[PDB]
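Notes for the one structure printed next.
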Amino acid sequence: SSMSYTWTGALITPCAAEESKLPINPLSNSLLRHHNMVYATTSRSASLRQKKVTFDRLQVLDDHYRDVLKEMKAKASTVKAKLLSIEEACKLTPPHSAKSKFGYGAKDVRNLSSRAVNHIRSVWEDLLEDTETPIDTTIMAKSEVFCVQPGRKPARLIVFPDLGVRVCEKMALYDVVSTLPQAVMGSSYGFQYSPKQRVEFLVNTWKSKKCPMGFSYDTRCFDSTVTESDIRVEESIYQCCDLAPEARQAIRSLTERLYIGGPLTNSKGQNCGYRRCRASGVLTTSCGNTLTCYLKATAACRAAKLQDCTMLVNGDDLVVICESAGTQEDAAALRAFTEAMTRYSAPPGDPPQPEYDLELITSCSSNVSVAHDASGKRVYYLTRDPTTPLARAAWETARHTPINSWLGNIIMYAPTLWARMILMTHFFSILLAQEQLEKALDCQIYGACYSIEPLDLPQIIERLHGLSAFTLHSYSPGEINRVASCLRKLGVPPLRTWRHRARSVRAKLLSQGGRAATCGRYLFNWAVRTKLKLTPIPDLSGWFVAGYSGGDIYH
Ligand SMILES: CO[P@@](=O)(Nc1nn(-c2ccc(-c3cc4nc(C)cc(N)n4n3)cc2)cc1C(=O)O)c1ccc(C)cc1C
């Protein structure tokens with residue numbers, strides 16, 4: 001056997017009191033009235049999750065797999081990757097990253113304190129001198145907010161090494177994980193695209209097929225499906241880069257000591273068990289998942305004899321668009337695809353279904369939809385079911401949180417009916433009332449943390465989505481119906497209320513002048529009776545280059 005996890009009986013413990021409900025009394029009640037619908041996961045459901053993620057992996061590799069792997073390595077062998085200096089790696093550490101057990105924290109790392117850098121150097125030397133000893137990790141239950149569904153999701157489990165080790169991962173591997181995936185997978189590497197670019201790729205791919213069929217593939221507990229073999233195959237791809245000798249060794253040692261597995265320690269310092277699958281909180285998780293998903297999926301496409309496939313991969317998230325052969329034979333091919341993924345260790349959660357309308361394909365929890373701009377031209381844009389974004393926004397209104405998913409959701413889904421009507425109106429109202437428009441806030445974009453001034457949103461949205469994001473109307477019936485239904489479920493006030501609120505915050509923003517007034521003019525033009533003509537506004541290099549989920553990255 002090869003078990004994803006072995007358990008001792010020690011509990012997955014919280015490090016502090018955990019909240020699972022919105023506070024009693026108002027705050028987010030003006031956002032949504034059905035507060036009992038909103039919950040946050042805690043350590044109290046850790047054991048339900050442990051049951052789902054724990055199983056034996058039988059893996060059977062074939063010629064298709066080996067062929068694809070060799071192709072990927074040929075492309076990987078064009079890459080030259082550089083060691084990051086200590087200073088560069090320290091600057092990529094988020095200011096609230098989990099402190100080291102060696103008596104320094106994220107702020108000390110970022111300041112290059114004596115104790116921090118002493119430890120980081122000792123850890124680096126230790127990777128070079130010790131090639132075997134498993135590296136300790138901490139296991140914790142993740143706190144995430146959802147809406148109930150007619151019951152409740154258990155907490156996800158996060159597994160991560162000590163801050164000192166995380167700084168060493170950046171030095172050995174940041175350049176690799178930021179450059180290799182695109183070198184290997186080209187246009188298939190989803191993290192290279194902004195939302196507009198993603199939409200474009202999907203639409204152009206779909207229109208390029210004589211008769212398109214598409215499907216999303218959901219692997220059940222992907223991280224747990226990843227084998228020790230997969231993780232060594234992943235290293236085999238990394239080792240094709242030109243690398244400094246210390247980087248080669250650090251990659252070698254990290255692979256055997258950390259990435260393939262190791263001991264799990266709870267917040268109380270007790271041994272909880274042992275992992276032999278992917279850790280969610282290491283630098284290589286997004287890259288590793290993306291490579292492994294792509295490899296397995298490309299080989300399965302061949303085994304299924306699916307014709308003219310174009311794939312788009314974002315970590316464990318997969319969508320394929322191919323040439324239809326007919327209904328019955330697409331169904332059969334998709335079953336063979338699944339059978340081969342299952343042999344490769346990646347069985348499905350939701351059984352995949354062939355889809356003949358691009359708009360009904362959900363990938364990265366998002367779908368393509370269509371609206372029209374001021375002049376009436378069709379504009380394709382990315383949207384999703386707003387339930388989770390709105391539940392999270394109510395939580396962040398009522399309780400202090402370091403990550404502001406509302407701000408990330410505005411950036412990624414600015415064109416949508418729901419982000420504009422609700423999230424912009426609600427959060428600009430609070431910010432303006434609290435006199436904090438100017439204050440920068442943390443949010444996440446493809447797993448990395450960015451500090452963003454709310455007043456820069458008009459500029460950010462134009463660059464990313466186009467001027468069109470401020471003028472979209474004539475949304476599709478499908479999208480409208482989903483929005484309305486979600487908003488009934490959560491008890492969100494009607495359009496009239498948001499329109500009034502938006503007119504009011506728009507008035508106050510305009511009177512302040514400057515970036516505030518720009519926010520009023522562009523973000524809230526939908527709210528006014530007599531629309532204004534909107535025009536172009538007088539460094540996003542690192543944005544939408546790569547994914548870093550769990551990889552402890554800041555900018
Ligand atoms: C300016 O012209 P619009 O009025 N045009 C439209 N409005 N809608 C629209 C607006 C709100 C809701 C809705 C349903 C619901 N149900 C509950 C329970 C609660 C709440 N709040 N809602 N809201 C449903 C449809 C669609 C269109 C269109 O052009 O296709 C408009 C309003 C806002 C925004 C951000 C953008 C536009 C273009």
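Numbering of residues begins at 1 and proceeds along the displayed sequence. Every number for a ligand or one of its atoms is a count from 1 in the order of the listing. What you see below is based on every heavy atom in this structure, not just the backbone, and it leaves out hydrogens, waters and symmetry mates.
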Against the six-membered ring of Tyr39, is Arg152 placed for a cation-pi contact (under 6.0 Å from the centre, within 45° of the normal)? yes

In short, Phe222 meets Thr292 closest at the heavy-atom pair CZ-CG2, 4.2 Å

Cation over ring, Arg501 on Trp498, under 6.0 Å and within 45°? yes

Closer than 4.0 angstrom, basic N to acidic O: yes or no for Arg156 and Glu144? yes

Exactly one candidate in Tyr446, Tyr174, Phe191, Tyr450 meets ring-ring contact (aromatic ring centres under 6.0 Å, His included) with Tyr548; the answer is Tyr174

Atom-level proximity to ligand 1, residues with heavy atom under 4.0 Å: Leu417, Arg420, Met421, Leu472, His473, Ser474, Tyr475, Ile480, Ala484, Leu487, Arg488, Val492, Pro493, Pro494, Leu495, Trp498, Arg499, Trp526, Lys531

Candidates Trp418, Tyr413, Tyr475 - the one meeting side-chain hydrogen bond (donor to acceptor under 3.5 Å, both in side chains) with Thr383: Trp418

